[PDB]
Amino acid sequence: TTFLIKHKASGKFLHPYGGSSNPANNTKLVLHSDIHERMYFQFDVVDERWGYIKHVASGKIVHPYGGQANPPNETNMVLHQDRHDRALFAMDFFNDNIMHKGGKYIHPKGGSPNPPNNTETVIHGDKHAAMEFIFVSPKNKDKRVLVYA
């Protein structure tokens, strides 16, 4: 299933910085209001809840920058071609968050519920309304879709 990753508090979406159809490794992932094919994602299941968040246009996947098993708070989110266990995430569509295998979540940098376009995303352990994400249809940004298959 193809979906948009929507920041629940702002309604902005996860994008590669610059919107490239083939972002370079380590391109940052930001929040931006626009919708287009280069901000479509899919989820590739690896092990029950755990899988890779794949940028459809490039085939690169979401990583914490540096690929640590336990990235510290404020580690930037990026795209990278590599597949390994430090690029594993769970798409928690019940609590509305995205959890890295090490236990921390994807956040807007600085914690704003209404961050401006091109706000970077980072790893952080905290849970609050401004780290919530929902996973929605490219054809209807208010309709949740099932990311697991």
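Heads up: residue numbers just count along the shown sequence, starting at 1.
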item: Of 111-119 and 48-56, the one with larger mean CA B-factor; value: 111-119
item: Deposited CA B-factor, highest of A69, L88, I61, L31; value: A69
item: Record-listed C-alpha B factor of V136: chain third; value: lowest
item: Among modelled residues of the same chain, the CA temperature factor third for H128; value: highest
item: Position of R144 among the chain's modelled residues by C-alpha B-factor, lowest, middle or highest third; value: middle
item: Third of the chain's Cα B-factor distribution that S21 belongs to, per the entry; value: lowest
item: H80 by Cα B-factor - lowest, middle or highest third of the modelled chain; value: lowest
